[PDB]
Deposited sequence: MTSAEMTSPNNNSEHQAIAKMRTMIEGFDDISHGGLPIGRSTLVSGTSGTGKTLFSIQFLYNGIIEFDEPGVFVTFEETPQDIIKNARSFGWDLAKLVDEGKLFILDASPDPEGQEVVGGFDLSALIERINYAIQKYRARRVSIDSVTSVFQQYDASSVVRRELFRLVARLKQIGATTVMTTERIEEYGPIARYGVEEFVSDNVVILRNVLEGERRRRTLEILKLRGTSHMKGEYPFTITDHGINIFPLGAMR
């Protein structure tokens, strides 16, 4: 019914029954340090390395140089992909309206013939601009235009509780076709990472929380 794109992130394409729905956005929400940026980098990296699908990474608060430096933790050379024209890192770092940003993103997608897009994290621009009032409207604008473009998008968001609202403004999951929750639960002085696919409109997926670890090779999910 709906076609999916392989993420090649260990375990994820099993949990999602094939990968992420093509041409749609997937919200990846989680508290700080849960692995959201990593998930969004792996998504682009694997598309390039495994499938020669170019990617655009939109960063708000982290600098492109820090994204590149941090990815060396995993032995991934993103500078080389940028040099080869296969990755573009769009720096979106400092009435509220995402129209201008959407034009920039669209330019990059057409220029680099990108099939994958990662946006990390649009929560920060809403919050820095004090734009909670229009989050539902502007996220809708962004999600809708990315769909018109045909991009397959990972969109990260913040949340402040492990078991609580999906995201910070309490509306983000409802305008998203697809929702993944990363958790980092503290119990008995120990942390455990888990991943959940809450929803994929129009298709099936495994349910509940699945454990994962972050290693030198990135995210490893165990699809019990």
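Inset, instruction - Could you sort out which parts of the deposited sequence are absent from the coordinates (no C-alpha) and give them as ranges from 1? - result: Sequence ranges with no C-alpha atoms are 1-16, 111-119, 250-253.
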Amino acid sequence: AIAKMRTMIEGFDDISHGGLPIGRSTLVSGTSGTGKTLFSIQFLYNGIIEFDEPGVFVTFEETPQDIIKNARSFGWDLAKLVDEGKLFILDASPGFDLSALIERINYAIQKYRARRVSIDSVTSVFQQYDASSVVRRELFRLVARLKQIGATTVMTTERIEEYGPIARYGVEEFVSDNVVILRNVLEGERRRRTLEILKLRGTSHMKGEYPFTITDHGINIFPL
From here on, numbers count along this sequence of modelled residues.
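Inset, instruction - Decide which of the stretches 124-132 and 98-106 has the higher mean C-alpha B-factor, going by the entry. - result: Between 124-132 and 98-106, it is 124-132 that shows the higher mean C-alpha B-factor.
Legend entry - Greater mean Cα temperature factor according to the PDB record, 38-46 or 54-62: For C-alpha atoms only, the mean B-factor is higher in 54-62.
Inset, instruction - Sort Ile89, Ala92, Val154, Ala151 by C-alpha B-factor from the entry and give me just the highest. - result: Each of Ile89, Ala92, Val154, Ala151 was compared by C-alpha B-factor; the highest is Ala151.
Legend entry - Candidate residues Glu196, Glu162, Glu187, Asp177, the one whose C-alpha B factor the record puts highest: The C-alpha B-factor peaks, among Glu196, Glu162, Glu187, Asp177, at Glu187.
Legend entry - Third of chain Cα B-factors occupied by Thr215: Tercile = highest for this residue's CA B-factor.
Legend entry - Cα B factor band for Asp13 (lowest, middle or highest third within the chain): CA B-factor rank for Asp13: lowest third.
Legend entry - CA B-factor ranking of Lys147, expressed as a third of its chain: Middle third, going by the recorded CA B-factors of the chain.
Legend entry - Modelled-residue ranking by C-alpha temperature factor, third containing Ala3: Middle third, going by the recorded CA B-factors of the chain.
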